[PDB]
>>> print(open('input_8.txt').read())   # compact mmCIF, C-alpha atoms
# COMPACT_ATOMS: atom_id res chain seq x y z
CA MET A 1 6.32 17.81 3.22
CA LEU A 2 4.20 17.04 0.13
CA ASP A 3 1.20 15.63 1.96
CA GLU A 4 -0.95 13.35 -0.20
CA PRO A 5 -3.93 11.08 0.55
CA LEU A 6 -3.10 7.50 1.48
CA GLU A 7 -6.58 5.90 1.34
CA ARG A 8 -8.56 4.39 -1.52
CA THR A 9 -11.05 7.27 -1.72
CA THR A 10 -10.73 11.01 -1.13
CA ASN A 11 -14.32 11.96 -2.04
CA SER A 12 -17.57 10.22 -2.97
CA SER A 13 -19.49 12.70 -5.15
CA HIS A 14 -17.27 15.79 -4.95
CA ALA A 15 -15.58 17.35 -8.01
CA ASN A 16 -17.93 15.42 -10.36
CA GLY A 17 -15.88 14.41 -13.40
CA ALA A 18 -13.14 17.02 -13.03
CA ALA A 19 -10.74 14.48 -11.52
CA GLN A 20 -11.08 12.35 -14.66
CA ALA A 21 -9.53 15.08 -16.81
CA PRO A 22 -6.03 14.49 -18.22
CA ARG A 23 -3.14 15.81 -16.15
CA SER A 24 -2.08 18.04 -19.04
CA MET A 25 -5.46 19.82 -19.16
CA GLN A 26 -6.32 19.71 -15.44
CA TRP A 27 -5.69 23.47 -15.39
CA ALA A 28 -8.80 23.89 -17.55
CA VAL A 29 -11.18 22.12 -15.14
CA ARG A 30 -12.31 23.28 -11.69
CA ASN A 31 -14.02 21.58 -8.75
CA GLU B 1 5.40 -1.63 -14.06
CA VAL B 2 3.71 -0.88 -10.74
CA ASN B 3 3.33 2.71 -9.55
CA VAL B 4 3.18 3.89 -5.94
CA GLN B 5 0.34 6.32 -6.64
CA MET B 6 -1.59 3.61 -8.48
CA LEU B 7 -1.10 1.25 -5.53
CA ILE B 8 -2.30 3.95 -3.12
CA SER B 9 -5.37 4.73 -5.24
CA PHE B 10 -7.05 1.37 -4.49
CA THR B 11 -5.48 0.08 -1.27
CA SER B 12 -7.43 -0.14 2.00
CA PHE B 13 -6.28 -0.58 5.59
CA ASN B 14 -7.38 -2.78 8.50
CA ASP B 15 -6.38 -2.93 12.16
CA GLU B 16 -5.88 -5.95 14.42
CA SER B 17 -2.95 -4.72 16.54
CA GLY B 18 -5.16 -2.14 18.27
CA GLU B 19 -2.62 0.67 17.95
CA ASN B 20 -3.47 4.33 18.49
CA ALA B 21 -4.43 6.52 15.54
CA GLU B 22 -1.47 8.87 16.03
CA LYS B 23 1.01 6.01 15.73
CA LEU B 24 -1.00 4.33 12.96
CA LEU B 25 -0.93 7.38 10.66
CA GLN B 26 2.85 7.61 10.87
CA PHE B 27 3.05 3.83 10.42
CA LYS B 28 1.10 4.16 7.17
CA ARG B 29 3.49 6.93 6.13
CA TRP B 30 6.46 4.66 6.91
CA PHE B 31 4.92 1.83 4.89
CA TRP B 32 4.30 4.09 1.90
CA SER B 33 7.87 5.40 2.06
CA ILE B 34 9.12 1.81 2.16
CA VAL B 35 6.97 0.93 -0.86
CA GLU B 36 8.27 3.97 -2.73
CA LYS B 37 11.87 3.06 -1.86
CA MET B 38 12.79 0.02 -3.95
CA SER B 39 13.65 -0.85 -7.56
CA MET B 40 11.54 -2.48 -10.27
CA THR B 41 12.37 -6.09 -9.38
CA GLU B 42 11.58 -5.54 -5.70
CA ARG B 43 8.20 -3.92 -6.34
CA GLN B 44 7.39 -6.70 -8.82
CA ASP B 45 8.19 -9.19 -6.06
CA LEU B 46 5.99 -7.21 -3.66
CA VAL B 47 3.01 -7.25 -6.00
CA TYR B 48 3.60 -10.96 -6.64
CA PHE B 49 3.57 -11.69 -2.91
CA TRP B 50 0.47 -9.50 -2.52
CA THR B 51 -1.88 -10.34 -5.42
CA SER B 52 -0.02 -13.19 -7.20
CA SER B 53 0.35 -10.90 -10.22
CA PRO B 54 3.62 -9.30 -11.37
CA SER B 55 1.67 -6.37 -12.85
CA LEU B 56 -1.08 -4.30 -11.28
CA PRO B 57 -4.24 -4.15 -13.44
CA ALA B 58 -4.66 -0.83 -15.21
CA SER B 59 -8.22 -0.29 -13.93
CA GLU B 60 -9.91 -0.72 -10.57
CA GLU B 61 -12.60 -2.79 -12.27
CA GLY B 62 -11.43 -6.35 -12.82
CA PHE B 63 -10.08 -6.78 -9.29
CA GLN B 64 -12.28 -9.63 -8.12
CA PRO B 65 -11.15 -8.88 -4.54
CA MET B 66 -10.17 -5.48 -3.13
CA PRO B 67 -6.53 -5.48 -1.94
CA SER B 68 -6.17 -4.77 1.77
CA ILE B 69 -3.57 -4.77 4.54
CA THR B 70 -4.14 -6.42 7.93
CA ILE B 71 -1.97 -5.29 10.86
CA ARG B 72 -1.32 -8.36 12.99
CA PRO B 73 -0.15 -8.02 16.60
CA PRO B 74 3.55 -7.12 16.80
CA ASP B 75 5.98 -9.98 16.22
CA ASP B 76 9.51 -9.01 15.19
CA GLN B 77 10.46 -12.65 14.49
CA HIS B 78 7.49 -13.47 12.21
CA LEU B 79 7.60 -12.78 8.49
CA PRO B 80 4.45 -11.21 7.00
CA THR B 81 2.20 -13.46 4.93
CA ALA B 82 -0.54 -12.94 2.37
CA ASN B 83 -3.78 -14.48 1.11
CA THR B 84 -3.80 -14.50 -2.69
CA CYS B 85 -7.43 -15.63 -2.89
CA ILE B 86 -8.55 -12.21 -1.63
CA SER B 87 -5.17 -10.44 -1.98
CA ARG B 88 -4.90 -9.50 1.70
CA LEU B 89 -1.42 -8.76 3.06
CA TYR B 90 -1.13 -9.84 6.70
CA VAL B 91 1.82 -7.89 8.11
CA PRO B 92 2.73 -7.64 11.82
CA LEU B 93 3.04 -4.26 13.51
CA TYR B 94 6.78 -3.46 13.45
CA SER B 95 7.44 -0.66 15.93
CA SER B 96 11.09 -0.84 14.90
CA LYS B 97 11.79 0.26 11.34
CA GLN B 98 14.98 -1.45 10.14
CA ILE B 99 13.47 -4.80 11.14
CA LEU B 100 10.33 -3.82 9.20
CA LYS B 101 12.13 -3.22 5.90
CA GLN B 102 14.41 -6.23 6.47
CA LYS B 103 11.47 -8.57 7.04
CA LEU B 104 9.51 -7.11 4.13
CA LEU B 105 12.47 -7.58 1.79
CA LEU B 106 13.03 -11.12 3.06
CA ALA B 107 9.35 -11.97 2.57
CA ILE B 108 9.21 -10.57 -0.97
CA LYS B 109 12.54 -12.23 -1.84
CA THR B 110 11.03 -15.72 -1.70
CA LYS B 111 9.43 -16.88 -4.95
>>> encode(input="input_8.txt", output="structure tokens")
Amino acid sequence: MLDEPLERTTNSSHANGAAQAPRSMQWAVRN
Amino acid sequence: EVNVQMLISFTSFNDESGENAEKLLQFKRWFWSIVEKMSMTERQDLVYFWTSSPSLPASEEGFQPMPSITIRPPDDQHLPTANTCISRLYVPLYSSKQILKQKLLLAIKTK
């Protein structure tokens, strides 16, 4: 399985800056 | 090096073969599996054939064009080409798979 997005963009304004967090500390950020 | 996830993050898709969406989604999955299934030299050759650069830039900004893939009408005897001015990879629609990887490897082999 392990379905992952295959396009350039997954969202436009969703999640704000949460996706920019480091992978190590992504547990500490929501949305 | 070049990473599969990095390549996916800023790669778009076009359609000139006029295939159905159900087949096209699995075709994209096949292409991504192919891209994730070589070694360092082969992916370096792929990125050379695509954007004329052995290394993918670390940031999306700086790409003067936006890399894209154009699905030409099926032709199992035609090797895929590319336009380095806009970094657009023109690849035919390979319904068969083994021919697809063979032709991709042959195309990226040439330097």
>>> atom_distance(input="input_8.txt", atom1="atom CA of residue B:49", atom2="atom CA of residue B:17")
21.7 Å
>>> closest_residue(input="input_8.txt", among="B:18, B:62, B:57, B:80", to="residue B:100", atoms="all atoms listed in the file")
B:80
>>> closest_residue(input="input_8.txt", among="A:25, A:16, A:1, A:6", to="chain B", atoms="all atoms listed in the file")
A:6
>>> interface_residues(input="input_8.txt", of="chain A", to="chain B", cutoff="8 Å", atoms="all atoms listed in the file", output="ChimeraX atom specification")
/A:6-9
>>> write_last_selection(input="input_8.txt", atoms="C-alpha atoms", output="PDB file, in the coordinates of the input")
ATOM      1  CA  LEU A   6      -3.100   7.500   1.480  1.00  0.00           C
ATOM      2  CA  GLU A   7      -6.580   5.900   1.340  1.00  0.00           C
ATOM      3  CA  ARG A   8      -8.560   4.390  -1.520  1.00  0.00           C
ATOM      4  CA  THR A   9     -11.050   7.270  -1.720  1.00  0.00           C
TER       5      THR A   9
END
>>> atom_distance(input="input_8.txt", atom1="atom CA of residue B:70", atom2="atom CA of residue B:94")
12.6 Å
>>> atom_distance(input="input_8.txt", atom1="atom CA of residue B:88", atom2="atom CA of residue B:76")
19.7 Å
>>> closest_residue(input="input_8.txt", among="B:97, B:68, B:78, B:106", to="residue B:14", atoms="only C-alpha atoms")
B:68
>>> closest_residue(input="input_8.txt", among="B:66, B:16, B:61, B:35", to="residue B:92", atoms="all atoms listed in the file")
B:16
>>> residues_around(input="input_8.txt", residues="residue A:27", least_positions_apart="6", cutoff="12 Å", atoms="all atoms listed in the file", output="list in words")
residues 18, 19 and 21 of chain A
>>> axis_aligned_box(input="input_8.txt", around="stretch 6-19 of chain A", padding_each_side="4 Å", output="lines of an AutoDock Vina configuration file")
center_x = -11.3
center_y = 10.9
center_z = -6.0
size_x = 24.4
size_y = 21.0
size_z = 22.9
>>> closest_residue(input="input_8.txt", among="B:26, B:53, B:44, B:20", to="residue B:105", atoms="only C-alpha atoms")
B:44
>>> residues_near_point(input="input_8.txt", point="(-1.2, -0.8, -11.6)", cutoff="8 Å", atoms="all atoms listed in the file", output="ChimeraX atom specification")
/B:1-3,6-7,55-59
